[PDB]
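Engineer: Have a look at the structure that comes next, please.
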Amino acid sequence: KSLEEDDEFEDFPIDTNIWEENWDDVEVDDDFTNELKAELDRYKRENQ
Amino acid sequence: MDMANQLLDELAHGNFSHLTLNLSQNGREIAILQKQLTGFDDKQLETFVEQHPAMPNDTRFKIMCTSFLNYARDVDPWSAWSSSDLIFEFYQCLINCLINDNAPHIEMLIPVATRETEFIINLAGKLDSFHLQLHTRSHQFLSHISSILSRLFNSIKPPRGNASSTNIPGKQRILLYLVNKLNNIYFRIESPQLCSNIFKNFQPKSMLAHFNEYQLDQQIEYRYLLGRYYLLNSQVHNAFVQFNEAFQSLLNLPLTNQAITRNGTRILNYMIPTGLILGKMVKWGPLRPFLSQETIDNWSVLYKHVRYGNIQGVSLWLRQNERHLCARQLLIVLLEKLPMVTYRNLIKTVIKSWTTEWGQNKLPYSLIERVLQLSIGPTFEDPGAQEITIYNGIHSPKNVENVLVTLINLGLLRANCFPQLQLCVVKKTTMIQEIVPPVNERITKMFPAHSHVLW
Amino acid sequence: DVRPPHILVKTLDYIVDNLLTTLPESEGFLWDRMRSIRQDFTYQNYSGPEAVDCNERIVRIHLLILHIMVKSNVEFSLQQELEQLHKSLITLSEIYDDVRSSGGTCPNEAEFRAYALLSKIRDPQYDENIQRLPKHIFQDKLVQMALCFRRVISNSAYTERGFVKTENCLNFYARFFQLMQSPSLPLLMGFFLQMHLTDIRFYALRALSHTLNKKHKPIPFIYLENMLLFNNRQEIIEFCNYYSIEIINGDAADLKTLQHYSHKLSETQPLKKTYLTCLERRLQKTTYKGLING
């Protein structure tokens, strides 16, 4: 159990793009972003 | 047949087939040796080694042989503790036979030394777990092993500038092996800063012209430990290039064992938060074989909170994940360095609709204060949480100008501040990247890491 | 020649009882004698309860001395005080480790883990050490407070020979001065944090100056005094004069004239240590002996 959970590498007899190009352009409507946009609209309206 | 005389012949001619502390490989021969060596005092064993024919005229080598005879004579296979003095004594003598570069049978002794090193590390952990019952301080055995391996590491010299041969001496063949073993020991004894001497003297001692010329597995483990060290010193970019190159090199390895998958998981456990601090988010495709779906879901929740500017989200995620993040030394650095990315995305979404869509060049402090009221949520001052916490004591929506000032100083927001006007002026434009540039490029330009390929 | 533990306790009791109020005239006497108590503990290789109690209350006395010497004009330089305070915190940390390894507990450990977190407030070593301690030590309100201060004080632009800048630091000066005024802030911890007022103020004005356009008017002294919690105007005037910040109209600071990028000027000595009026006011409402006894 400790060999598999410990941060030290296990011993084994020895014998690519993985990152987002840009997550700023690929925008997805989020719940929090919806409440933030609504807050921007309400502030834009109380401050006319 | 006299088995002690036979063993002394083998050892005198560099045949170390039975020279090992592992009784699972040496049990029967060591038992016969123990029955035949019973009777003889220490001086008689020392004389057996001293007067043996063809024995190398090396005091440290003869001390090693005599120490192995004492071990074989007095070993108690039923008690690992009672035999520990013989085992560790013989191990120290064996490593002492490696300090001299021209020691007798050095090339044949090196594999023996690595084997016995793994054995004695396992036994040292085993005995350190019983430090209270053994009346020893914490990590005493393994620290002793670390001292031995440290002297061995110091004895390894850099190559002669005009060397006469391409022979890789076995002390150079195990250089990176010894570095990773020693640094792993320093991590397990919970004193990882001791790696600093080991990291500083690794490349100067190496004869290899390129770091990629070592075994790629040792390269992966070295980049893993170096990244963890850098991260212990809050150097996020330096750690990130090491975790990243480590995981790429692991992606090149053929997936022979399950332990390779778990090692990749160990790399990702640090590469995901380190990358996220630098404004980088993984594509889970190439990470499916190394991460469970629940881990991906967790880091994806944190990804959403950071991506859309939810500080309260980030602090809640760190609060729920506090215990395993502290175990991997991850909580503090994330608590400190995720907020500025989250703020960056918050004011990113604010400036997008406010400036590029609604055509307002000015950002009043009141607007950003309401936005921070939504993002931060509750603070130490607010009721319902009357005790201060790392998750409610740091961030407050009152400090609009401070957040803006740190965003501009980190190069994450290109804007001017007006404190007496209480507003923040950005450039009148429809392109949002001119106001809020890509965060990873800005961070990496302000904090240039060392060469990801070491040498 | 050496005091056993129980008379070291008797001696520190004598000090807490009879020397604390002798005030900055007895600072050298106090520091030397307390150092002698700790040295007597090291002479006997004793990390028992008496050594813990003595090092703890001695640390508290150091924290009180930090504020007392600075409130008055007596000493200015607290190098030896901070050195012996730090060494005492290291002793306490080691003893806490040995007691935890033996299965015991120390009731005041969390408080002095916080003080230890404030001894070297920019050293990541103490974050590393605090993250491997038990959850009740880590989640203690005092340790949480010290951690919050370490986060708000972190600055990616902190400049000093031998200091590697780290990414995405907060530089939350406003939050720092908000927490320094908190009535929940333990007074001795505040005294410890007063050592960084000048640095935090310098990097606050630097970071703010980088955001102002070239033709921006000087920042009024009222705004900077409420923002940085200066005790009076003479302090912000002496602060600007120290860092060569041009004072326009006698009340405003022209932040673009701040040419320094490090709080520590290369040739001159550091500006003398200062204090906060709120913490002195809190000190006058409570006794020295009360603070030292917890």
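In the structure tokens, chains take letters A, B, ... by order of appearance, with residues numbered from 1 within each chain and ligands from 1 in the order shown.
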So that I can see what lies close to residue 282 in chain C, please list as number ranges by chain the residues with an atom at most 12 Å from it, counting only C-alpha atoms and leaving out residues fewer than 3 positions away in the same chain.
Structural biologist: C: 67, 180-188, 190-191, 276-279, 285-288, 291
Engineer: Please save C-alpha atoms of the selected residues as a PDB file, in the first residue's frame.
Structural biologist:
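Result written to selection-v8.pdb:
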ATOM      1  CA  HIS C  67       7.879  46.986  20.260  1.00  0.00           C
ATOM      2  CA  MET C 180      -2.668  44.598  11.578  1.00  0.00           C
ATOM      3  CA  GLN C 181      -5.680  46.564  12.903  1.00  0.00           C
ATOM      4  CA  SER C 182      -7.727  43.437  13.655  1.00  0.00           C
ATOM      5  CA  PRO C 183      -8.627  43.090  17.359  1.00  0.00           C
ATOM      6  CA  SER C 184      -8.301  39.325  16.858  1.00  0.00           C
ATOM      7  CA  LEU C 185      -4.615  39.778  16.000  1.00  0.00           C
ATOM      8  CA  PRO C 186      -2.505  38.604  18.971  1.00  0.00           C
ATOM      9  CA  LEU C 187      -0.504  41.565  20.213  1.00  0.00           C
ATOM     10  CA  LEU C 188       2.916  39.886  20.296  1.00  0.00           C
ATOM     11  CA  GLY C 190       1.638  42.136  15.701  1.00  0.00           C
ATOM     12  CA  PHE C 191       4.851  43.272  17.396  1.00  0.00           C
ATOM     13  CA  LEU C 276       1.723  51.140  14.643  1.00  0.00           C
ATOM     14  CA  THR C 277      -0.297  53.380  16.952  1.00  0.00           C
ATOM     15  CA  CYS C 278      -3.051  50.775  17.303  1.00  0.00           C
ATOM     16  CA  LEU C 279      -0.657  48.163  18.701  1.00  0.00           C
ATOM     17  CA  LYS C 285      -4.428  48.445  27.850  1.00  0.00           C
ATOM     18  CA  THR C 286      -2.681  45.226  28.945  1.00  0.00           C
ATOM     19  CA  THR C 287       0.310  44.368  31.159  1.00  0.00           C
ATOM     20  CA  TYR C 288       3.746  43.120  30.141  1.00  0.00           C
ATOM     21  CA  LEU C 291       1.363  39.111  27.696  1.00  0.00           C
TER      22      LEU C 291
END
Engineer: Could I get the residues of chain B with an atom no further than 6 Å from an atom of chain A, each paired with its nearest atom pair and that distance in Å to one decimal, using only C-alpha atoms, sorted by chain and residue number, as a tab-separated table?
Structural biologist:
residue	atom	partner	partner_atom	distance
B:259	CA	A:10	CA	6.0
B:263	CA	A:9	CA	5.7
B:281	CA	A:20	CA	5.9
B:282	CA	A:19	CA	4.4
B:283	CA	A:19	CA	5.2
Engineer: Using only C-alpha atoms, find which residues of chain C lie within 7 Å of chain B and jot them down as a list in words.
Structural biologist: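 For chain C, the answer reads residues 102, 124, 127, 128, 131, 132, 141, 144, 145, 147, 148, 151, 152, 166, 167, 168, 169, 170, 171, 172, 174, 175, 207, 208, 210, 211, 212 and 213 of chain C.
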Engineer: What parts of range 273-433 of chain B does DSSP call strand (DSSP E)? I'd like the answer as a CSV table (one decimal) with N, CA, C and O atoms, in the first residue's frame.
Structural biologist:
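Contents of out-v6.csv, freshly written:
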chain,number,residue,atom,x,y,z
B,362,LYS,N,-13.1,53.3,-19.2
B,362,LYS,CA,-12.8,53.5,-17.8
B,362,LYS,C,-13.4,52.4,-17.0
B,362,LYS,O,-14.5,51.9,-17.3
B,363,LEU,N,-12.7,52.0,-16.0
B,363,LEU,CA,-13.1,50.9,-15.1
B,363,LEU,C,-13.2,51.5,-13.7
B,363,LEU,O,-12.2,51.5,-12.9
B,364,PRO,N,-14.3,52.0,-13.2
B,364,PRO,CA,-14.4,52.5,-11.9
B,364,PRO,C,-14.2,51.5,-10.8
B,364,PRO,O,-14.5,50.3,-11.0
B,415,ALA,N,-2.8,48.6,-18.0
B,415,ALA,CA,-3.7,49.6,-17.6
B,415,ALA,C,-3.0,50.6,-16.7
B,415,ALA,O,-1.9,50.3,-16.2
B,416,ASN,N,-3.5,51.8,-16.7
B,416,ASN,CA,-3.1,52.9,-15.8
B,416,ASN,C,-4.1,53.1,-14.6
B,416,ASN,O,-5.3,52.8,-14.8
B,417,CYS,N,-3.6,53.4,-13.5
B,417,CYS,CA,-4.4,53.6,-12.3
B,417,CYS,C,-4.6,55.1,-11.9
B,417,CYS,O,-3.6,55.9,-12.1
B,418,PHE,N,-5.7,55.5,-11.5
B,418,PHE,CA,-6.0,56.8,-11.0
B,418,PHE,C,-6.6,56.7,-9.6
B,418,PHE,O,-7.8,56.4,-9.5
B,423,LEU,N,-10.3,55.1,-10.4
B,423,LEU,CA,-10.7,54.4,-11.6
B,423,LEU,C,-9.4,53.8,-12.3
B,423,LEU,O,-8.3,54.2,-12.0
B,424,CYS,N,-9.6,52.9,-13.2
B,424,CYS,CA,-8.5,52.2,-13.9
B,424,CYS,C,-8.8,52.3,-15.4
B,424,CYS,O,-9.8,51.8,-15.9
B,425,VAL,N,-7.8,52.9,-16.1
B,425,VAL,CA,-8.0,53.2,-17.6
B,425,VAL,C,-7.2,52.1,-18.3
B,425,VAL,O,-6.0,51.9,-18.1
B,426,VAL,N,-7.9,51.4,-19.3
B,426,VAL,CA,-7.3,50.5,-20.2
B,426,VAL,C,-7.4,51.2,-21.6
B,426,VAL,O,-7.9,52.2,-21.8
Engineer: Can you work out the spacing between CA of residue 162 in chain C and CA of residue 111 in chain C in Å, to one decimal?
Structural biologist: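 A separation of 29.4 Å between them.
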Engineer: To one decimal place in Å, what is the distance between CA of residue 455 in chain B and CA of residue 209 in chain B?
Structural biologist: 7.0 Å
Engineer: Compare B:124, B:421, B:276, B:142 by their minimum atom-to-atom distance to residue 300 in chain B, counting only C-alpha atoms, and give me the closest one.
Structural biologist: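 So, comparing all the options, the nearest one is B:276.
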Engineer: Which of range 181-224 of chain B end up as alpha helix (DSSP H) when DSSP is run on this backbone - answer as a PyMOL selection string?
Structural biologist: chain B and resi 181-188+195-200+202-205+216-224
Engineer: Keeping N, CA, C and O atoms for every residue in the selection just given, could you write it to a file as a CSV table (one decimal), in the first residue's frame?
Structural biologist:
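Resulting contents of part06.csv:
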chain,number,residue,atom,x,y,z
B,181,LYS,N,19.0,8.4,-5.8
B,181,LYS,CA,18.9,7.6,-4.5
B,181,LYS,C,19.1,8.6,-3.4
B,181,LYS,O,18.3,8.6,-2.4
B,182,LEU,N,20.2,9.4,-3.4
B,182,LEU,CA,20.5,10.3,-2.3
B,182,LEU,C,19.4,11.3,-2.1
B,182,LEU,O,18.9,11.6,-1.0
B,183,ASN,N,18.9,11.9,-3.2
B,183,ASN,CA,17.9,12.9,-3.1
B,183,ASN,C,16.6,12.3,-2.6
B,183,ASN,O,15.8,13.0,-1.8
B,184,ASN,N,16.2,11.1,-3.1
B,184,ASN,CA,15.1,10.4,-2.6
B,184,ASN,C,15.2,10.2,-1.0
B,184,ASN,O,14.2,10.4,-0.3
B,185,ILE,N,16.4,9.8,-0.6
B,185,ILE,CA,16.6,9.7,0.9
B,185,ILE,C,16.3,11.0,1.6
B,185,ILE,O,15.6,11.1,2.6
B,186,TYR,N,16.9,12.1,1.0
B,186,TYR,CA,16.7,13.4,1.6
B,186,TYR,C,15.2,13.8,1.6
B,186,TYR,O,14.7,14.5,2.6
B,187,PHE,N,14.4,13.3,0.7
B,187,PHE,CA,13.0,13.6,0.7
B,187,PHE,C,12.3,12.8,1.7
B,187,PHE,O,11.3,13.2,2.4
B,188,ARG,N,12.7,11.5,1.9
B,188,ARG,CA,12.0,10.7,2.8
B,188,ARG,C,12.3,11.0,4.3
B,188,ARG,O,11.3,11.0,5.1
B,195,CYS,N,19.3,18.2,-0.7
B,195,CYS,CA,19.5,17.9,-2.1
B,195,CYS,C,20.3,19.0,-2.8
B,195,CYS,O,20.9,18.8,-3.8
B,196,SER,N,20.4,20.2,-2.2
B,196,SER,CA,21.0,21.3,-2.9
B,196,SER,C,22.5,21.1,-3.3
B,196,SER,O,22.9,21.5,-4.4
B,197,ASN,N,23.2,20.5,-2.4
B,197,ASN,CA,24.6,20.2,-2.7
B,197,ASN,C,24.7,19.2,-3.8
B,197,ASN,O,25.6,19.2,-4.7
B,198,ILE,N,23.8,18.2,-3.8
B,198,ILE,CA,23.7,17.1,-4.7
B,198,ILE,C,23.3,17.6,-6.1
B,198,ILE,O,23.8,17.2,-7.1
B,199,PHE,N,22.3,18.6,-6.1
B,199,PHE,CA,22.0,19.2,-7.4
B,199,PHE,C,23.0,20.1,-8.0
B,199,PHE,O,23.2,20.2,-9.2
B,200,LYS,N,23.8,20.7,-7.1
B,200,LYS,CA,24.8,21.7,-7.6
B,200,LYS,C,26.0,21.0,-8.2
B,200,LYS,O,26.6,21.5,-9.1
B,202,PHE,N,26.1,17.8,-9.4
B,202,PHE,CA,25.8,16.7,-10.3
B,202,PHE,C,26.4,16.9,-11.7
B,202,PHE,O,27.2,16.1,-12.2
B,203,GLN,N,26.0,18.0,-12.4
B,203,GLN,CA,26.5,18.3,-13.7
B,203,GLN,C,28.1,18.5,-13.7
B,203,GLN,O,28.7,17.9,-14.7
B,204,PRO,N,28.7,19.2,-12.8
B,204,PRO,CA,30.2,19.3,-12.8
B,204,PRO,C,30.9,17.9,-12.7
B,204,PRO,O,31.9,17.8,-13.3
B,205,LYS,N,30.3,17.0,-12.0
B,205,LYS,CA,30.9,15.6,-11.9
B,205,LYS,C,30.6,14.7,-13.1
B,205,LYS,O,31.3,13.7,-13.3
B,216,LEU,N,17.0,7.0,-19.6
B,216,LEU,CA,15.9,7.9,-19.6
B,216,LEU,C,15.0,7.8,-18.4
B,216,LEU,O,14.4,8.8,-18.0
B,217,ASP,N,15.0,6.6,-17.8
B,217,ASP,CA,14.3,6.5,-16.5
B,217,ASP,C,14.9,7.3,-15.4
B,217,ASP,O,14.2,8.0,-14.7
B,218,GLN,N,16.2,7.2,-15.3
B,218,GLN,CA,16.9,8.1,-14.3
B,218,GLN,C,16.8,9.5,-14.6
B,218,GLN,O,16.7,10.4,-13.7
B,219,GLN,N,16.7,9.9,-15.9
B,219,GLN,CA,16.4,11.3,-16.3
B,219,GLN,C,15.0,11.7,-15.8
B,219,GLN,O,14.8,12.8,-15.2
B,220,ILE,N,14.0,10.8,-16.0
B,220,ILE,CA,12.7,11.1,-15.5
B,220,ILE,C,12.6,11.3,-14.0
B,220,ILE,O,12.0,12.3,-13.5
B,221,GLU,N,13.2,10.4,-13.3
B,221,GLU,CA,13.2,10.6,-11.8
B,221,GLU,C,14.0,11.8,-11.4
B,221,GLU,O,13.6,12.5,-10.4
B,222,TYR,N,15.1,12.1,-12.1
B,222,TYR,CA,15.9,13.3,-11.7
B,222,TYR,C,15.0,14.6,-11.9
B,222,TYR,O,15.0,15.5,-11.1
B,223,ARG,N,14.3,14.7,-13.1
B,223,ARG,CA,13.5,15.8,-13.3
B,223,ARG,C,12.3,15.9,-12.4
B,223,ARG,O,11.9,17.0,-12.0
B,224,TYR,N,11.8,14.8,-11.9
B,224,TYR,CA,10.8,14.7,-10.9
B,224,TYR,C,11.2,15.3,-9.6
B,224,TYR,O,10.6,16.2,-9.0
Engineer: In Å, how far is it from CA of residue 92 in chain B to CA of residue 77 in chain B?
Structural biologist: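 Result for CA of residue 92 in chain B versus CA of residue 77 in chain B: 19.9 Å, one decimal.
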Engineer: Between C:62, C:256, C:135, C:233, which is the closest to residue 214 in chain C once you count only C-alpha atoms?
Structural biologist: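 Checking each of C:62, C:256, C:135, C:233 against residue 214 in chain C, counting only C-alpha atoms, the winner is C:256.
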Engineer: I'd like the neighbourhood of residue 268 in chain B as JSON, numbers by chain, where a residue qualifies if any of its atoms comes within 10 Å (using only C-alpha atoms), though same-chain residues fewer than 4 positions away should be ignored.
Structural biologist: {"B": [224, 243, 244, 246, 247, 262, 263, 264, 272, 273, 274, 275, 282, 287, 290, 291]}
Engineer: Keeping only C-alpha atoms, take the residues you just selected and write them out as a PDB file, in the first residue's frame.
Structural biologist:
ATOM      1  CA  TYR B 224      10.756  14.735 -10.931  1.00  0.00           C
ATOM      2  CA  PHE B 243       7.733  18.200 -14.453  1.00  0.00           C
ATOM      3  CA  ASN B 244       6.756  18.813 -18.089  1.00  0.00           C
ATOM      4  CA  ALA B 246       9.668  14.481 -17.119  1.00  0.00           C
ATOM      5  CA  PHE B 247       6.147  13.593 -18.237  1.00  0.00           C
ATOM      6  CA  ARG B 262       1.975   5.199 -11.201  1.00  0.00           C
ATOM      7  CA  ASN B 263       5.202   7.166 -11.704  1.00  0.00           C
ATOM      8  CA  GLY B 264       3.514   9.174 -14.450  1.00  0.00           C
ATOM      9  CA  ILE B 272      -1.111  19.939 -13.112  1.00  0.00           C
ATOM     10  CA  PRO B 273      -1.033  22.478 -10.224  1.00  0.00           C
ATOM     11  CA  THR B 274       2.358  23.867 -11.267  1.00  0.00           C
ATOM     12  CA  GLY B 275       1.071  24.375 -14.802  1.00  0.00           C
ATOM     13  CA  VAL B 282      -3.826  20.203 -19.651  1.00  0.00           C
ATOM     14  CA  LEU B 287      -3.464  11.873 -19.411  1.00  0.00           C
ATOM     15  CA  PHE B 290      -2.280   7.923 -15.788  1.00  0.00           C
ATOM     16  CA  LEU B 291      -5.184   9.598 -13.947  1.00  0.00           C
TER      17      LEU B 291
END
